[PDB]
Amino acid sequence: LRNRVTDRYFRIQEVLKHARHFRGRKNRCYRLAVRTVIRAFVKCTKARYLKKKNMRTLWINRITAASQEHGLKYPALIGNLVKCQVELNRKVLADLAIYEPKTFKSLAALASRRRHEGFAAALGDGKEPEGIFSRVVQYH
Amino acid sequence: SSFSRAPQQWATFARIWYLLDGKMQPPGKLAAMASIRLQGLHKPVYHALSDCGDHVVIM
Amino acid sequence: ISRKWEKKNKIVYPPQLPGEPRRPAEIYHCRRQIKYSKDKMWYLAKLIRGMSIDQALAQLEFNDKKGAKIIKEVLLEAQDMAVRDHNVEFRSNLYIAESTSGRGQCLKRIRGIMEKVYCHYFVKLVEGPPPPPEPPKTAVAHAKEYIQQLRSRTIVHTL
RNA sequence: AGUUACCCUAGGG
RNA sequence: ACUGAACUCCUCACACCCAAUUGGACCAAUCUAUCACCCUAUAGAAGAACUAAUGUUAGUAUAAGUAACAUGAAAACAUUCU
RNA sequence: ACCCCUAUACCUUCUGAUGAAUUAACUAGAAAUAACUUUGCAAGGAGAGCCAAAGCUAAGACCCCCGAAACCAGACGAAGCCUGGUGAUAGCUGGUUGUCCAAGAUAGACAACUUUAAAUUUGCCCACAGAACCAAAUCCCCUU
């Protein structure tokens, strides 16, 4: 055999160091470990999308809870805060719900007032002065 | 605020006993509220692994 | 063939200070190449795993299994070397800290290959009364653990 | 050119 | 109205989701030339890299301590009995 | 740690059943004609022979593994069996071992598509006009 692989403990080790926390023979036997480690790596790569999606779902759940604490609904809160030029994202709104609940109540009241303004604007169609919180700051 | 760590934690994650009268009420509408509060989906602290459900008593 | 268990009796600890607890004696013994399966001798080894030497000897003298006599012989030898070689003043003041069985160099025979099974019995004795068994956890321990679990939870995935 | 219930081998349904 | 993608924007990074095939650049280990001198460099070479071939050999598992196997009786182990 | 959410083992073959207990070792691409690239020298190159209307000389870089029945020759036993021809041959499976970047899949009766490199100039999309007597559209096609 003119030349044969001397450095083969280390390739096996490269795969096996990622399988030490498995169950059964996957943590020891290279042939089974490789399959499971490949699958684990594909899962880890694909879980970044799911991480982001699930974070937004959690934020939306927590904001829904928080706004129902004040009688609002999540659509009302989000939409009517957007209409007040308040570009707060879902993440920050959920931290405000948990940690700064007076600021959240103020934001909920701001959303409610904008929503009532919208209802008044749509009810009395015509030329009537705009709602105070309906006014938009223009940029140029 | 200005609580100690242990009481703050205890206050945040304590479970509240809710009462719901079911007289003349549709069972599904009762069930919606009961399921929401039993899971703890009414709390901004909600996480699926936090074990933050509440007690619901339906009479 | 590895023979570490024999070497484990040649460790010389440094002499102690007067203000230091007395280091209990530690004795290691084994028998090699016993015509018995390690699987069968595992039961006899497990039976005596925290017993005093006297209790273990009593239990083994009344077991019908073949490995009982062999383990009894190993234990008696260990008790002798403990009192004589390892400065254990009382024969009674020993307990089986370790008692395992490993596989030996098994032979292969032609019938149709069949295995003539051998095994090793390993024991470690420690000077002193056997440690008391762990009491079964009460309802108070359970409740305390549950309350701690409840107290250790955090607001997940936020500031 | 027929034939093999003596058929044989690699495959396929 | 809201929810909803790897689409689009956003902060940064951008050569980094196609079979065979082809082209380019690296490259583990080995041997040689010259270096190097706790394990390397530039080159030349080659029996040069394996999660699979009802592959070959060796070790050890599973089935499994499973299937199965064996010694007529008492006794002084002389003997006698069935 | 588990509990929650997400997640139809892999390989091969189909347009999208096969094999594998596990570990260790072993185990599978061999041809420089032309062309291309890089040098040398140059109407000559080459250490005879060979080539030459820029050629010639040199180098580099392309062509796997396992798996019949048979037939023949000579023995050995009572057609069989063995050795040799023999790595026989033909079919049909199966297997063919590091990484990165670039390009890279559907007509058919050798062709089509595909890769690399090179030379040059239009390519695709298309408007009027234009294509037969006995519906969709298509061909052609300047602009853009």
Side-chain angles (χ1 to χ4, degrees), chain A residues 20-24 27 98, chain B residues 2-20 34-43 45-59, chain C residues 19-28 39 41-63 65 68 71 75 78 88 90-101 122-158:
Chain A
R20 312 266 91 166
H21 65 283
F22 292 181
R23 286 193 45 169
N27 52 22
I98 306 197
Chain B
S2 293
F3 300 152
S4 312
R5 301 234 157 105
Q8 175 66 279
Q9 195 269 338
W10 186 263
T12 301
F13 282 102
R15 37 209 210 204
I16 277 47
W17 290 66
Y18 289 100
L19 175 70
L20 194 35
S35 64
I36 271 168
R37 310 249 152 183
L38 275 179
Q39 300 180 40
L41 274 170
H42 59 292
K43 299 179 184 183
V45 148
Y46 165 74
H47 197 270
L49 289 168
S50 275
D51 195 10
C52 56
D54 278 350
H55 284 271
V56 174
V57 180
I58 315 200
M59 58 161 39
Chain C
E20 184 181 358
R22 220 171 99 93
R23 186 179 284 119
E26 265 214 275
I27 320 97
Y28 295 81
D39 318 73
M41 189 105 81
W42 186 83
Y43 291 107
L44 294 138
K46 169 101 185 112
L47 164 75
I48 63 161
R49 254 180 193 166
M51 268 151 179
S52 62
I53 193 137
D54 287 349
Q55 179 91 353
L57 290 175
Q59 292 296 320
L60 292 166
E61 181 210 352
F62 288 114
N63 211 180
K65 290 182 189 293
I71 301 184
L75 292 188
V88 174
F90 296 127
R91 300 190 331 196
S92 303
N93 216 22
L94 295 162
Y95 74 95
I96 293 91
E98 307 214 308
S99 98
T100 75
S101 83
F122 309 86
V123 79
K124 181 176 105 156
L125 298 176
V126 191
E127 218 203 3
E134 262 294 343
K137 60 186 304 183
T138 38
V140 197
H142 274 295
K144 169 166 327 308
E145 159 66 349
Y146 182 72
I147 299 281
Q148 296 189 13
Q149 282 187 14
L150 285 177
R151 297 254 194 202
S152 88
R153 47 191 179 149
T154 42
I155 316 179
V156 151
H157 288 319
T158 190

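Any value given below was found using the heavy atoms of this structure, including those in side chains, with hydrogens, waters and symmetry copies removed. Chain identifiers are assigned alphabetically (A, B, ...) following the order of the sequence lines, protein sequences preceding nucleic acid strands; residue numbering begins at 1 within each chain.
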>> If you compare all heavy atoms of B:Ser50 against all heavy atoms of C:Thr154, which two are closest, and at what distance to 0.1 Å?
In response: OG-O, 3.7 Å
>> Would you call the rings of B:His42 and B:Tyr18 parallel, tilted or perpendicular, taking 30° and 60° as the class edges?
In response: perpendicular
> Can any side-chain N or O of C:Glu127 pair as donor or acceptor with the backbone N or O of C:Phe90 at less than 3.5 Å?
Replying inline: no
> Which of these, C:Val88, C:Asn93, C:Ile96, sits in a side chain to side chain contact (heavy atoms under 4.5 Å, CB included) with C:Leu125?
Replying inline: C:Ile96
>> For C:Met41 and C:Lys65: C-alpha separation, side-chain torsions, deciding distance, then whether side-chain contact (heavy atoms from CB on, under 4.5 Å) applies.
In response: CA-CA 9 Å; C:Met41 189 105 81; C:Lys65 290 182 189 293; over 6 Å; no
> So which heavy atom on B:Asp54 is nearest to which on B:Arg15, and how close?
Replying inline: OD1-CA, 3.3 Å
> What's the verdict on side-chain contact (heavy atoms from CB on, under 4.5 Å) for B:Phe13 and B:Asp51, showing C-alpha distance, side-chain angles and the deciding distance?
Replying inline: CA-CA 9 Å; B:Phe13 282 102; B:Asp51 195 10; over 6 Å; no
> Is the backbone N or O of C:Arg153 less than 3.5 Å from a side-chain atom of B:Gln9, with the two atoms forming a donor-acceptor pair by type?
Replying inline: yes
> How many angstroms lie between atom CZ of C:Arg91 and atom OG of C:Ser52, to the nearest 0.5 angstrom?
Replying inline: 12.5 Å
> Rounded to the nearest 0.5 Å, how far apart are CZ of C:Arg151 and OH of C:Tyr146?
Replying inline: 12.5 Å
> C:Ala78 and C:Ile27: which non-hydrogen atoms are nearest, and at how many Å?
Replying inline: O-CG2, 4.4 Å
> Does the pair B:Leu49 and C:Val156 meet the rule for a side-chain contact (heavy atoms from CB on, under 4.5 Å), with working shown?
Replying inline: CA-CA 9 Å; B:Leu49 289 168; C:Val156 151; over 6 Å; no
> Say you draw a straight line from CG of B:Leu41 to CD1 of B:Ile36; how long is it, rounded to the nearest 0.5 Å?
Replying inline: 6.5 Å
> What pair of heavy atoms forms the shortest contact from C:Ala68 to C:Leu60, and how long is it?
Replying inline: CB-O, 3.4 Å
> What are the two closest heavy atoms between C:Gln59 and C:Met51, and how far apart are they?
Replying inline: CG-CE, 3.8 Å
>> Looking at every heavy atom in both C:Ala56 and C:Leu75, which two are closest together, and how far apart are they?
In response: CB-CD1, 3.9 Å
> Around B:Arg5, counting heavy atoms of other residues, nucleotides and ligands shown, do more than 12 lie under 6.0 Å from its CZ?
Replying inline: no
> How far does CZ of C:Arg49 sit from NZ of C:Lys46, to the nearest 0.5 angstrom?
Replying inline: 5.0 Å
> Rounded to the nearest 0.5 Å, how far apart are CZ of B:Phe3 and OG1 of B:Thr12?
Replying inline: 8.5 Å
> Distance from B:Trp10 atom CH2 to C:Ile147 atom CD1, nearest 0.5 Å?
Replying inline: 5.0 Å
> Would one find more than 12 heavy atoms of other residues, nucleotides or ligands at under 6.0 Å from atom CZ of A:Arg23?
Replying inline: no
